[PDB]
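Residue numbers (the entry's author numbering): 208 to 405, 485 to 2138.
Here a beta-carbon is modelled for each residue, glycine too, at the ideal position from N, C-alpha and C.
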């Protein structure tokens, strides 16, 4: 039947060629073969070539352009010329068999999983099937049957499909034809189913608020009841140091009490503001965020008052009025909440009246405290001004009401009625809010509420004016506006008057204050704007007149003053400025002459500095004093916004009490700050007392600078706690407090630095002042010691005083090393910092010493430690006063010696003071017993009586196990009471001397007497190892609970067990024949104790490492037992013992590797938390010190032989070089700037000593001269002193070893490994003894029976332990946990997506759309902050991976929950669908990462096929967060809200301060080339913002976003720029300018958005413009500090920008040359242009020569060189356009090449400039320098080509 076959043929051709049928190109090539077989017939090979075959009508139009024409031709030969009807049947059957038959196809964009991307998929629809088919292959990738669909959907652009059953997840694909697909699939599934056919009710939100206030109210009264009872207070007595604590807690409470009453007032306003909205519109959660704030801070007030009140009662003051104040406040708070409940329907006045009481009530409470900053008179101003604003309100009410009579239209009548009514409540609302906020106007948050209410009345006023417009063209409008204008003016009066009290250090100002302040602001520009000549002089102008006004004013003042003596000093000081002013004036004129001389800018500055000082010389001291009140009001501000967050954790985080997750790292973090505040506020009150004493100002600076780092960690922790918290009300109360604290820190870091430069230098006598004050204080204590009644402080115990006193001395000893390192470096300003540390520790030590005495009992015991404490003070006091005395002249050799001589004494003093403590005792006895034993051990050990040479020496080893037993006691005693540890040491002490006596007696018993020197050295090595082990025990005696110290004692015990082995190997006798077996038995005893409790890390090598280390040790122990066993049968003793030593080394390694396997698994438990591993490894550092000093100790004895001489160099140079590297790695990871300088300096001292010593050891090589040996002895001292110094530096407690915390259940998972490990030694231990006897007798059945019995038990422990190790596999349990938790989070979205697709997603009514995004944001921010630490763990270490993933999961359900809501509120359906989709991608990628991490498992052995997957996974998600974070920020900008923008700044300021500084990629130049370019953007943007304010204010949103984003970039490169700059001063300035730019933008952007919510306000449109100038100025400063880079130059950059601008100017000439407009003027000749060019051109090349020759040199000359270059080109640019015009545009093409010539020449100049920029501060043979000459020649060749070019166009 050919007719139907031909019709099938034709219709299949239709279906395929139009593209309606997906067919791959190859299959389409067979189709085209059929085509030619039929319509071209049997094709001829010769004639059927390309050229006559039309592809478009011969192939599907999608594959016609694939142009495989000859490929299609061999497809024709493939089909050949075979029969046409069989060609027809092959055509039809090849079309049929393809799975894409019988099914329509659609191009639908599908979303790849893992990216916010879209790819085509030709989705296939079948009568029975749903199939996804790839676009390219045209082949099925996946298949579904119809019967599984359950609910499809239609969207204007989407077609969502679901299955639910087979894959957990649905099929969402967008397409413009979703409607037709939906109806078609509906019909298809209908057919498939028919085949198998047979107002009192509250809004749901209000319930939540109702409970929260109910929950709060219950907490309220409970707090209220506790008030009435004066509970207690610890007894402290009359001690002056105690009395200080009595004073401090009171004052601390005074600040503690204030912050909450500051919070309570602020919260109440938030209720008042937010409730005023229409119900069904308000943010109840915010009210919850308010009421919880009201309640949570209500109760910490209750704790505070009682503590204060009790303190008041020991004083004569009666606490009764205080409590009466508290209870009065308490009820007022409560009575408010009664009107807060949405159920109660009281009139609105009740709420407003209730709040006013709170402010009224909270007023007198502060009046009882006396802690109110605001003036009482100022409150009345607010009181009346509010009424004054209220007064104008009444006026507009009447006039608007007057319009009501004028009004005529129904409804439009009441609209004006409505508007006026709204104002009346609004202003009354303003009246109440102002009353509420009255007593706490100081805090910012109170102020930020007041303006909102002030904004609210302003908008309502504008509404009334709009309402008045509804009337008809009468004077009522004019008189209405005249009423409105007063109301807005009154509001402005209320707010500016409001802002005045915001920053007021003191009320009175003096006389010259307004003059004084002016110079500061402008001097500040002068210091800031280094590197820009124009700015400095420009300010120098405005300064010089301004200070002259002071000069004039004081001059008239002296005239007015009548006393001649004072009239002198007024004038006398006045002259000092006059000299100072002119000195600046002339210097200013000097730098003006030389713009680019970096010394002149230094000159202009340095005059300005004394200029400030000269104002201090004048009677007003404000230049210095004012900069303190900008700190005293900063510290209190941060101190409050700390104690308002500290409480905001206790209440809110108590709800879960979850031991996993982020909470337990929060409360621990909050601990540090909670004790830092009392050190801060106590300082602030110190400055408030004597502002005229520079010591206090340094203290306030000292405290504030320290505060930041402990404080900062809270914020980066709290922002990581926000999502997990479940009770939304207590959640938001945390984030808002964290953001406030976040700001109040960046405004501390700034205001601190100002104080640092302004404040006078430490002069390292404030330390002398403090120690002398301390000297007298403890003298009173020593005087009060005989008084016999000294009571301890509240918080310390005998076991607690020591662990700091023990720590304190190690700090001071470390501190003193700082001082010496600095003084040798020469009288730095850090040298003053060192005196601070030494003083600072001395305050700690003295305070600790006072603590012990007050707690210890016996007065004679008491008195002695104070003496050695007092001895430390006086001895160290001599050092400090000597340090400054020796600081006068650097480079004096006796100075370092006289310093060190005293500096040795202070260390000698401290060690005495530590031991003088009687608590730890009698260890001194043991060490001295060892030490005194060393003296007779050091000298000529000779046997007075031989006894038995062989037997008594053998008898010695029979006593050897006792000393080994003696040591193993100590480590056991390390787990008991400190008194108990004395016993084992005491028994060890007697054990050492007793065993040493038998040691020394038979030491000289050996025949050879050269062996006598060996055996004493053998006893030496045992001595020091034991001695230092006791020295290790000396440490633990003062710090019991610290596990890091306990590990060091175990390591020291390992020192002796090897050291005792050192004797037995060679010197002792093998008469028993098994001496190595005891070495096995002794080591087996010692290794056991190390495994006994692995609380702290035993090694650095990680888990999978210790798995292999165990794995290899398993095999060797398998081999070793074979080795010893068979030799026992052979009875061959020497080879029998050989495998023993390897076995023990296998055992010692194995148990260490097994102990590490314990600690690792122990940490991985989710509850536990790890440590930071420190900087200097206590294990490796200690022996590194030991080995080096052991080496030089050997050369100390007179007899130097190449046997010991050459070995000494090898052990020294191998270790001392390594010891240097330890500092260098640590120094780059430190955060203390002092440590960086000190580590480098000290590490080089050994290197200098190394060079001196290595020369001498080479000088002694082959000479052996006594002086050559003596000069080796002399050169020993520098290295030993240097290493001891550096070691003394490292014992600072802050540097290393925070002990990781292990959960109980964390210990649970550890025991299975521990138990099996323990018994293996037990099985081994009994197996060891079997070997010794069996070496003698070849066989004995019971002995050889237990030999196997233990060995399998040895084996069973080994296999069972390994079984646990591989099966436990840390990191692959919680990954499964997270994945499931993650995978469900995906499911919700996929359904929630579907619900919105058909428009069913119901908007949750509790929350406003703005708040959802904020949560949806802080959720996302945390995720991206954890990406890299997770990608780190998945590579190297598993223990950390255990905790990280569990953190990256818990952020998701709080996100997805928010995301479903987030898209629910949004109205435009395309927005909500995408808002979810990008979120859906985020989890999807995150899941992909988690899979790889599981496979990564923290395994170093996984190959690149797995390793690459990790990295390529991170990138898919890292850019995913970037995709989402925009979609929120941007959507948070269209709306007027500005949050996050005001946060990403206040954070990228703090991120700028802390971290590692190690010079990542890039020079200081290639930073400065981009960083400046970025700096321009935030400049071009603010001027792009000013214009929009007048023109079209609705666009301020995205601009403010584009601002704060770029300031992110300028923040990122800043610190790497600072570190890579040559001079620290250049670096620090590039930072500090960026920061002082930060506070500018935050103020800018907050206004910027606020305008968008009042687009036609007039007074906010002012402060925008004024602030917009402030940032633009600051950019000029940070640009100026960027010009302080002598490396590279703005001359390099600006020229390139300018010459490109000249190219753009040439392009404008090119536009005219192209347009032909550029015509000739008059009869201008050409030689004028040519010759003018001729000079410039040859001037350019000479300028080029001076330019190129300056690639190495001072910035100044190359600056003019570039400035000459820019001059040459622009002068050339002037003449060329004149020259080009000289031909006229009648011959434009002649002009074109000419202007194109310079267009190319100027380009070459820029390339030369760009090469010049890259070629600066270079070596003579740098790869760029030849690149310079090439570019130089490029200029040379182009200009000559230019010269000829014009020379040839002179004619036609």
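Per DSSP, the bridge partner or partners of residue i
| i | result |
| --- | --- |
| residue 311 | 332 |
| residue 350 | 338 |
| residue 327 | 316 |
| residue 733 | The partner list for residue 733 (beta bridge, DSSP) is empty, contrary to what the question assumes. |
Nearest residue (CA-CA) to residue i, options the options
| i | options | result |
| --- | --- | --- |
| residue 385 | 260, 316, 847, 1469 | 316 |
| residue 1767 | 1753, 1799, 222 | 1799 |
| residue 1450 | 1513, 1592, 1555 | 1592 |
| residue 1526 | 1602, 1103, 1682 | 1103 |
| residue 791 | 970, 1140, 1418, 593 | 970 |
| residue 1043 | 1918, 663, 1542, 844 | 1918 |
| residue 1619 | 1677, 2070, 846, 1422 | 1422 |
| residue 314 | 862, 334, 340 | 340 |
| residue 2124 | 1940, 2083, 1446 | 2083 |
| residue 1777 | 2076, 1842, 1668 | 1668 |
| residue 2036 | 2114, 843, 1205 | 2114 |
| residue 1537 | 1250, 1502, 1731, 1463 | 1502 |
| residue 1832 | 1920, 1755, 1901, 1907 | 1920 |
Boundaries of the beta strand (DSSP E) in which residue i is found, first to last residue
| i | result |
| --- | --- |
| residue 366 | 365 to 368 |
Burial state of residue i, where buried means 16 or more other Cβ atoms lie within 10 Å
| i | result |
| --- | --- |
| residue 1572 | buried |
| residue 216 | buried |
| residue 1968 | buried |
| residue 2105 | exposed |
| residue 2012 | exposed |
| residue 237 | buried |
The ligand MG heavy atom lying under 7 Å from the CB of residue i
| i | result |
| --- | --- |
| residue 1790 | This structure lacks the ligand MG; in fact it carries no ligand of any kind. |
Start-to-end residues for the alpha helix (DSSP H) that takes in residue i
| i | result |
| --- | --- |
| residue 1313 | 1296 to 1322 |
| residue 380 | No alpha helix (DSSP H) holds residue 380; the beta strand (DSSP E) holding it covers 378 to 381. |
| residue 1554 | 1552 to 1576 |
| residue 1983 | 1976 to 2001 |
| residue 1598 | 1590 to 1622 |
| residue 541 | 526 to 561 |
| residue 1877 | 1851 to 1877 |
| residue 937 | 932 to 939 |
| residue 2104 | That residue, residue 2104, is in no alpha helix (DSSP H); it is neither H nor E in DSSP. |
Supposed contact pair residue j and residue i - C-beta distance, whole angstroms, cut 8 Å
| i | j | result |
| --- | --- | --- |
| residue 1839 | residue 1035 | 6 Å |
| residue 702 | residue 689 | 5 Å |
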